[PDB]
$ cat structure08.json   # JSON, C-alpha atoms and all ligand atoms
[["chain", "number", "residue", "atom", "x", "y", "z"],
["A", 1, "UNK", "CA", 84.55, 95.83, 83.35],
["A", 2, "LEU", "CA", 87.01, 94.24, 85.88],
["A", 3, "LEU", "CA", 89.82, 96.75, 86.57],
["A", 4, "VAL", "CA", 91.83, 97.74, 89.71],
["A", 5, "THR", "CA", 92.28, 101.47, 89.57],
["A", 6, "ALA", "CA", 93.09, 104.31, 91.98],
["A", 7, "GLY", "CA", 90.80, 107.29, 91.37],
["A", 8, "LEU", "CA", 88.47, 106.74, 88.43],
["A", 9, "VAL", "CA", 86.97, 103.31, 89.05],
["A", 10, "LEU", "CA", 85.68, 102.02, 85.66],
["A", 11, "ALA", "CA", 83.42, 99.36, 84.13],
["B", 32, "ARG", "CA", 111.65, 76.25, 89.01],
["B", 33, "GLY", "CA", 110.22, 79.66, 89.61],
["B", 34, "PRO", "CA", 111.15, 82.80, 91.49],
["B", 35, "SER", "CA", 112.08, 82.86, 95.17],
["B", 36, "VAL", "CA", 110.22, 84.31, 98.09],
["B", 37, "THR", "CA", 112.86, 86.52, 99.74],
["B", 38, "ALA", "CA", 110.70, 88.41, 102.25],
["B", 39, "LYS", "CA", 107.25, 88.23, 103.84],
["B", 40, "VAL", "CA", 104.74, 90.79, 105.01],
["B", 41, "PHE", "CA", 101.83, 90.14, 107.44],
["B", 42, "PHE", "CA", 98.52, 91.96, 107.75],
["B", 43, "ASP", "CA", 96.34, 91.28, 110.82],
["B", 44, "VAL", "CA", 92.77, 91.89, 109.82],
["B", 45, "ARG", "CA", 89.66, 92.99, 111.74],
["B", 46, "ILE", "CA", 86.20, 93.05, 110.23],
["B", 47, "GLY", "CA", 84.13, 95.49, 112.27],
["B", 48, "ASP", "CA", 85.01, 94.42, 115.80],
["B", 49, "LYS", "CA", 86.03, 90.80, 115.05],
["B", 50, "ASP", "CA", 89.67, 89.76, 114.60],
["B", 51, "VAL", "CA", 89.57, 87.45, 111.58],
["B", 52, "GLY", "CA", 93.22, 86.44, 111.35],
["B", 53, "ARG", "CA", 96.45, 87.15, 109.51],
["B", 54, "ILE", "CA", 97.34, 87.21, 105.81],
["B", 55, "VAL", "CA", 101.01, 86.38, 105.02],
["B", 56, "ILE", "CA", 102.34, 87.55, 101.64],
["B", 57, "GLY", "CA", 105.62, 86.20, 100.23],
["B", 58, "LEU", "CA", 107.56, 88.68, 98.09],
["B", 59, "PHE", "CA", 109.71, 88.20, 95.01],
["B", 60, "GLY", "CA", 112.52, 90.62, 95.83],
["B", 61, "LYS", "CA", 114.95, 89.43, 93.16],
["B", 62, "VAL", "CA", 112.31, 89.75, 90.40],
["B", 63, "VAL", "CA", 110.99, 93.22, 91.38],
["B", 64, "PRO", "CA", 113.30, 94.70, 94.09],
["B", 65, "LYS", "CA", 111.99, 98.27, 93.86],
["B", 66, "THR", "CA", 108.33, 97.23, 94.08],
["B", 67, "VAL", "CA", 109.02, 94.83, 96.99],
["B", 68, "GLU", "CA", 110.97, 97.54, 98.87],
["B", 69, "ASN", "CA", 107.96, 99.94, 98.64],
["B", 70, "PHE", "CA", 105.50, 97.29, 99.86],
["B", 71, "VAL", "CA", 107.75, 96.13, 102.76],
["B", 72, "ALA", "CA", 108.44, 99.70, 103.85],
["B", 73, "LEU", "CA", 104.74, 100.56, 103.79],
["B", 74, "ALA", "CA", 104.00, 97.36, 105.75],
["B", 75, "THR", "CA", 106.52, 98.18, 108.53],
["B", 76, "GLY", "CA", 105.61, 101.90, 108.51],
["B", 77, "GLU", "CA", 109.31, 102.78, 108.77],
["B", 78, "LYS", "CA", 108.98, 106.01, 106.71],
["B", 79, "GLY", "CA", 106.32, 107.28, 109.14],
["B", 80, "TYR", "CA", 103.26, 106.23, 107.07],
["B", 81, "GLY", "CA", 102.02, 102.89, 105.81],
["B", 82, "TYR", "CA", 99.38, 100.18, 105.66],
["B", 83, "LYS", "CA", 98.56, 100.01, 109.37],
["B", 84, "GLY", "CA", 95.04, 101.34, 109.81],
["B", 85, "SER", "CA", 94.09, 101.17, 106.12],
["B", 86, "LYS", "CA", 91.28, 98.98, 104.84],
["B", 87, "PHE", "CA", 90.22, 96.80, 101.92],
["B", 88, "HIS", "CA", 87.95, 99.40, 100.39],
["B", 89, "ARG", "CA", 86.84, 97.50, 97.27],
["B", 90, "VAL", "CA", 86.00, 93.80, 97.26],
["B", 91, "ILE", "CA", 84.53, 91.89, 94.29],
["B", 92, "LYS", "CA", 83.83, 88.16, 94.74],
["B", 93, "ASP", "CA", 85.70, 85.94, 92.26],
["B", 94, "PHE", "CA", 87.75, 88.94, 91.07],
["B", 95, "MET", "CA", 89.93, 90.56, 93.77],
["B", 96, "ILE", "CA", 90.14, 92.43, 97.05],
["B", 97, "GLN", "CA", 91.78, 95.86, 96.91],
["B", 98, "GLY", "CA", 93.47, 97.77, 99.73],
["B", 99, "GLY", "CA", 96.34, 100.06, 100.69],
["B", 100, "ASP", "CA", 94.85, 103.54, 100.26],
["B", 101, "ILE", "CA", 97.03, 105.09, 102.99],
["B", 102, "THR", "CA", 96.14, 108.78, 102.55],
["B", 103, "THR", "CA", 92.53, 109.74, 101.71],
["B", 104, "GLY", "CA", 91.27, 106.21, 102.50],
["B", 105, "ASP", "CA", 88.31, 106.21, 100.05],
["B", 106, "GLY", "CA", 90.32, 104.46, 97.35],
["B", 107, "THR", "CA", 91.35, 107.59, 95.51],
["B", 108, "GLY", "CA", 94.58, 108.12, 97.48],
["B", 109, "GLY", "CA", 97.86, 106.49, 98.38],
["B", 110, "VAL", "CA", 101.50, 107.39, 97.96],
["B", 111, "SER", "CA", 104.74, 105.43, 97.48],
["B", 112, "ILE", "CA", 108.03, 105.68, 99.40],
["B", 113, "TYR", "CA", 109.54, 107.05, 96.16],
["B", 114, "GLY", "CA", 107.03, 109.93, 95.69],
["B", 115, "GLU", "CA", 103.37, 110.19, 94.69],
["B", 116, "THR", "CA", 103.86, 107.43, 92.08],
["B", 117, "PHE", "CA", 106.62, 105.25, 90.61],
["B", 118, "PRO", "CA", 106.96, 103.62, 87.16],
["B", 119, "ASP", "CA", 106.07, 100.03, 86.36],
["B", 120, "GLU", "CA", 109.23, 98.08, 87.25],
["B", 121, "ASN", "CA", 108.64, 95.13, 84.92],
["B", 122, "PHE", "CA", 105.88, 92.67, 84.02],
["B", 123, "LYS", "CA", 107.87, 89.48, 84.52],
["B", 124, "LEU", "CA", 105.28, 87.94, 86.83],
["B", 125, "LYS", "CA", 101.69, 87.32, 85.71],
["B", 126, "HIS", "CA", 98.40, 87.02, 87.61],
["B", 127, "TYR", "CA", 98.81, 83.26, 87.48],
["B", 128, "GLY", "CA", 95.79, 82.38, 89.58],
["B", 129, "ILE", "CA", 94.20, 83.01, 92.99],
["B", 130, "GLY", "CA", 96.19, 84.80, 95.75],
["B", 131, "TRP", "CA", 98.76, 86.69, 93.61],
["B", 132, "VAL", "CA", 99.50, 90.22, 94.84],
["B", 133, "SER", "CA", 99.73, 93.08, 92.42],
["B", 134, "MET", "CA", 99.82, 96.89, 92.24],
["B", 135, "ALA", "CA", 96.66, 98.89, 91.57],
["B", 136, "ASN", "CA", 97.33, 101.95, 89.40],
["B", 137, "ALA", "CA", 95.76, 104.74, 87.33],
["B", 138, "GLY", "CA", 97.27, 103.77, 83.98],
["B", 139, "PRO", "CA", 100.92, 103.14, 82.95],
["B", 140, "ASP", "CA", 103.60, 104.10, 85.47],
["B", 141, "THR", "CA", 101.37, 105.22, 88.32],
["B", 142, "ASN", "CA", 102.11, 102.81, 91.17],
["B", 143, "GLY", "CA", 101.56, 104.19, 94.69],
["B", 144, "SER", "CA", 100.48, 102.23, 97.78],
["B", 145, "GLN", "CA", 97.30, 100.47, 96.68],
["B", 146, "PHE", "CA", 97.49, 96.78, 95.84],
["B", 147, "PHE", "CA", 95.12, 93.85, 95.21],
["B", 148, "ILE", "CA", 95.00, 90.10, 95.92],
["B", 149, "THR", "CA", 93.44, 88.07, 93.09],
["B", 150, "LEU", "CA", 90.46, 85.75, 93.63],
["B", 151, "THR", "CA", 90.53, 84.58, 90.02],
["B", 152, "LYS", "CA", 93.07, 84.37, 87.18],
["B", 153, "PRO", "CA", 92.68, 87.88, 85.66],
["B", 154, "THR", "CA", 94.69, 87.41, 82.47],
["B", 155, "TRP", "CA", 93.42, 90.72, 81.07],
["B", 156, "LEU", "CA", 95.59, 92.52, 83.68],
["B", 157, "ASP", "CA", 98.85, 90.78, 82.66],
["B", 158, "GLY", "CA", 101.34, 93.37, 81.41],
["B", 159, "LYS", "CA", 99.21, 96.19, 82.89],
["B", 160, "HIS", "CA", 99.67, 95.65, 86.66],
["B", 161, "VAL", "CA", 102.95, 94.84, 88.35],
["B", 162, "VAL", "CA", 102.77, 91.46, 90.16],
["B", 163, "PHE", "CA", 105.22, 91.23, 93.15],
["B", 164, "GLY", "CA", 103.90, 88.74, 95.71],
["B", 165, "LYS", "CA", 101.84, 85.75, 96.60],
["B", 166, "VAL", "CA", 99.62, 84.94, 99.59],
["B", 167, "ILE", "CA", 101.31, 82.07, 101.38],
["B", 168, "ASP", "CA", 99.15, 81.90, 104.56],
["B", 169, "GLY", "CA", 95.73, 83.23, 105.41],
["B", 170, "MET", "CA", 93.82, 82.48, 102.21],
["B", 171, "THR", "CA", 90.89, 81.78, 104.56],
["B", 172, "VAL", "CA", 91.19, 85.37, 105.81],
["B", 173, "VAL", "CA", 91.16, 86.60, 102.20],
["B", 174, "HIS", "CA", 87.99, 84.49, 101.62],
["B", 175, "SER", "CA", 86.34, 86.04, 104.75],
["B", 176, "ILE", "CA", 86.87, 89.51, 103.30],
["B", 177, "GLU", "CA", 85.69, 88.29, 99.86],
["B", 178, "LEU", "CA", 82.30, 87.17, 101.29],
["B", 179, "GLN", "CA", 81.53, 90.51, 103.01],
["B", 180, "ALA", "CA", 78.28, 92.24, 102.05],
["B", 181, "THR", "CA", 79.18, 95.25, 99.84],
["B", 182, "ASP", "CA", 77.34, 98.29, 98.49],
["B", 183, "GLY", "CA", 76.94, 99.28, 94.83],
["B", 184, "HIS", "CA", 80.49, 100.73, 94.86],
["B", 185, "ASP", "CA", 81.78, 97.29, 95.87],
["B", 186, "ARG", "CA", 82.74, 98.74, 99.30],
["B", 187, "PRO", "CA", 82.25, 96.49, 102.29],
["B", 188, "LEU", "CA", 79.28, 97.63, 104.44],
["B", 189, "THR", "CA", 81.46, 96.93, 107.45],
["B", 190, "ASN", "CA", 85.14, 98.07, 107.38],
["B", 191, "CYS", "CA", 87.73, 95.34, 106.72],
["B", 192, "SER", "CA", 90.74, 96.90, 108.46],
["B", 193, "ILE", "CA", 94.43, 96.16, 108.57],
["B", 194, "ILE", "CA", 94.97, 96.59, 112.29],
["B", 195, "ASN", "CA", 98.65, 95.68, 112.25],
["B", 196, "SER", "CA", 101.20, 95.14, 109.47],
["B", 197, "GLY", "CA", 104.90, 94.38, 109.32],
["B", 198, "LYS", "CA", 107.53, 92.10, 107.94],
["B", 199, "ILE", "CA", 108.77, 88.62, 108.78],
["B", 200, "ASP", "CA", 112.36, 87.84, 107.80],
["B", 201, "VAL", "CA", 112.82, 84.84, 105.54],
["B", 202, "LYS", "CA", 115.93, 82.96, 106.68],
["B", 203, "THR", "CA", 115.44, 80.25, 104.04],
["B", 204, "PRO", "CA", 114.17, 81.50, 100.62],
["B", 205, "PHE", "CA", 111.93, 79.04, 98.85],
["B", 206, "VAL", "CA", 110.75, 78.63, 95.29],
["B", 207, "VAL", "CA", 107.20, 79.19, 94.09],
["B", 208, "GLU", "CA", 107.09, 76.97, 91.01],
["B", 209, "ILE", "CA", 105.67, 78.56, 87.87],
["B", 210, "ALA", "CA", 104.65, 76.61, 84.76],
["B", 211, "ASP", "CA", 107.06, 77.21, 81.86],
["B", 212, "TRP", "CA", 109.42, 79.46, 83.90],
["A", 301, "CA", "CA", 83.19, 81.31, 92.26],
["A", 302, "ZN", "ZN", 83.75, 79.51, 101.37]]

$ encode --input "structure08.json" --output "structure tokens"
Amino acid sequence: XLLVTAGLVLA
Amino acid sequence: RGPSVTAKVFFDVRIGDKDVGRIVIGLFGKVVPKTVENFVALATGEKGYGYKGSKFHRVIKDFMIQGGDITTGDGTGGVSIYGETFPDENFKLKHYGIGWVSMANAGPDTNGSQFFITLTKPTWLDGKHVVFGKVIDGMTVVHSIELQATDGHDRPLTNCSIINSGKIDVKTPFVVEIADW
């Protein structure tokens, strides 16, 4: 997808 | 009306060996004081660690550029001035459009050092990421980073580095108008 994460980057 | 920019932070950016210019971010200290304090302190490096030398490790055109991993550096790390993480302060500000500055996280209440600058209006992140600032100068620098060739992890092929960071005092606070505020 379109997320802004720190560790597990997802769809 | 709208909230006031009460402080500013600069990042001087280098892509590979080329100096590409400076990004100035205005900060809404009265809206989110705790979040602004963390970001300013990391920018100046006053606690002994900070943004200087970190990079924008994840860049997606028309979405955002992401930076501020000040420990491991691969995008999995980062720490705040308050500890490993700190809670979401509030969600008063939204990702209103391009150039808003917001905290990356790993779910609720896991703010650290990493942040992002929007290159769209990502409404799906409203209420999930704490917005605390706004790019006031250097949107062309943000665009230069945005256009960098990236791999399949969305990592620039050439490092986009923050070679210096710090604060600029705001002697005269000014309003950033926000529809319906
Ligand atoms: Ca476009
Ligand atoms: Zn262009």

$ residues_around --input "structure08.json" --residues "residue 4 (chain A)" --least-positions-apart "6" --cutoff "9 Å" --atoms "only C-alpha atoms" --output "ChimeraX atom specification"
/A:10 /B:95,97,134-137,146-147,156,160

$ write_last_selection --input "structure08.json" --atoms "C-alpha atoms" --output "compact mmCIF listing (two decimals), keeping the file's coordinate frame"
# COMPACT_ATOMS: atom_id res chain seq x y z
CA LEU A 10 85.68 102.02 85.66
CA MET B 95 89.93 90.56 93.77
CA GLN B 97 91.78 95.86 96.91
CA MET B 134 99.82 96.89 92.24
CA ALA B 135 96.66 98.89 91.57
CA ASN B 136 97.33 101.95 89.40
CA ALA B 137 95.76 104.74 87.33
CA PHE B 146 97.49 96.78 95.84
CA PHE B 147 95.12 93.85 95.21
CA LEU B 156 95.59 92.52 83.68
CA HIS B 160 99.67 95.65 86.66

$ interface_residues --input "structure08.json" --of "chain A" --to "chain B" --cutoff "6 Å" --atoms "only C-alpha atoms" --output "ChimeraX atom specification"
/A:4-7

$ atom_distance --input "structure08.json" --atom1 "CA of residue 3 (chain A)" --atom2 "CA of residue 43 (chain B)"
25.7 Å

$ residues_near_ligand --input "structure08.json" --ligand "ligand ZN 302 (chain A)" --cutoff "9 Å" --atoms "all atoms listed in the file" --output "list in words"
residues 171, 174, 175 and 178 of chain B

$ residues_near_ligand --input "structure08.json" --ligand "ligand CA 301 (chain A)" --cutoff "10 Å" --atoms "only C-alpha atoms and all ligand atoms" --output "list in words"
residues 92, 93, 94, 150 and 151 of chain B

$ atom_distance --input "structure08.json" --atom1 "CA of residue 56 (chain B)" --atom2 "CA of residue 9 (chain A)"
25.4 Å

$ atom_distance --input "structure08.json" --atom1 "CA of residue 85 (chain B)" --atom2 "CA of residue 63 (chain B)"
23.8 Å

$ residues_near_point --input "structure08.json" --point "(98.7, 93.2, 111.0)" --cutoff "6 Å" --atoms "all atoms listed in the file" --output "compact mmCIF listing (two decimals) with C-alpha atoms, keeping the file's coordinate frame"
# COMPACT_ATOMS: atom_id res chain seq x y z
CA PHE B 41 101.83 90.14 107.44
CA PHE B 42 98.52 91.96 107.75
CA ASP B 43 96.34 91.28 110.82
CA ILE B 193 94.43 96.16 108.57
CA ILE B 194 94.97 96.59 112.29
CA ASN B 195 98.65 95.68 112.25
CA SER B 196 101.20 95.14 109.47

$ closest_residue --input "structure08.json" --among "B:181, B:164, B:113, B:140" --to "residue 126 (chain B)" --atoms "all atoms listed in the file"
B:164

$ axis_aligned_box --input "structure08.json" --around "region 122-131 of chain B" --padding-each-side "4 Å" --output "JSON"
{"center_x": 101.0, "center_y": 87.5, "center_z": 89.9, "size_x": 21.7, "size_y": 18.3, "size_z": 19.7}

$ closest_residue --input "structure08.json" --among "B:172, B:36, B:44, B:71" --to "residue 206 (chain B)" --atoms "only C-alpha atoms"
B:36

$ build_atoms --input "structure08.json" --residues "chain A" --atoms "N, CA, C and O atoms" --output "mmCIF file, keeping the file's coordinate frame"
data_model
loop_
_atom_site.group_PDB
_atom_site.id
_atom_site.type_symbol
_atom_site.label_atom_id
_atom_site.label_comp_id
_atom_site.auth_asym_id
_atom_site.auth_seq_id
_atom_site.Cartn_x
_atom_site.Cartn_y
_atom_site.Cartn_z
ATOM 1 N N UNK A 1 83.787 97.018 83.663
ATOM 2 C CA UNK A 1 84.550 95.830 83.350
ATOM 3 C C UNK A 1 85.116 95.269 84.660
ATOM 4 O O UNK A 1 84.425 95.355 85.686
ATOM 5 N N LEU A 2 86.338 94.704 84.633
ATOM 6 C CA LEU A 2 87.010 94.240 85.880
ATOM 7 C C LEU A 2 88.403 94.835 86.058
ATOM 8 O O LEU A 2 89.402 94.120 85.869
ATOM 9 N N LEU A 3 88.501 96.121 86.416
ATOM 10 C CA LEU A 3 89.820 96.750 86.570
ATOM 11 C C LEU A 3 90.179 96.997 88.027
ATOM 12 O O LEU A 3 89.310 96.853 88.889
ATOM 13 N N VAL A 4 91.450 97.317 88.329
ATOM 14 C CA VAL A 4 91.830 97.740 89.710
ATOM 15 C C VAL A 4 92.494 99.099 89.720
ATOM 16 O O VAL A 4 93.739 99.183 89.599
ATOM 17 N N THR A 5 91.656 100.144 89.747
ATOM 18 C CA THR A 5 92.280 101.470 89.570
ATOM 19 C C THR A 5 92.220 102.310 90.831
ATOM 20 O O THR A 5 91.569 101.927 91.811
ATOM 21 N N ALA A 6 92.925 103.436 90.813
ATOM 22 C CA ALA A 6 93.090 104.310 91.980
ATOM 23 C C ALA A 6 92.602 105.712 91.627
ATOM 24 O O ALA A 6 93.422 106.587 91.317
ATOM 25 N N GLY A 7 91.289 105.945 91.668
ATOM 26 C CA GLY A 7 90.800 107.290 91.370
ATOM 27 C C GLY A 7 89.545 107.317 90.536
ATOM 28 O O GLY A 7 88.469 107.644 91.058
ATOM 29 N N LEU A 8 89.657 106.923 89.264
ATOM 30 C CA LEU A 8 88.470 106.740 88.430
ATOM 31 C C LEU A 8 88.215 105.273 88.316
ATOM 32 O O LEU A 8 88.878 104.612 87.522
ATOM 33 N N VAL A 9 87.289 104.735 89.110
ATOM 34 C CA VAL A 9 86.970 103.310 89.050
ATOM 35 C C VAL A 9 86.096 103.048 87.814
ATOM 36 O O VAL A 9 85.079 103.715 87.664
ATOM 37 N N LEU A 10 86.479 102.142 86.909
ATOM 38 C CA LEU A 10 85.680 102.020 85.660
ATOM 39 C C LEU A 10 84.928 100.717 85.529
ATOM 40 O O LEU A 10 85.073 99.835 86.378
ATOM 41 N N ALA A 11 84.151 100.588 84.449
ATOM 42 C CA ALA A 11 83.420 99.360 84.130
ATOM 43 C C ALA A 11 84.348 98.214 83.733
ATOM 44 O O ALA A 11 85.553 98.405 83.479
#
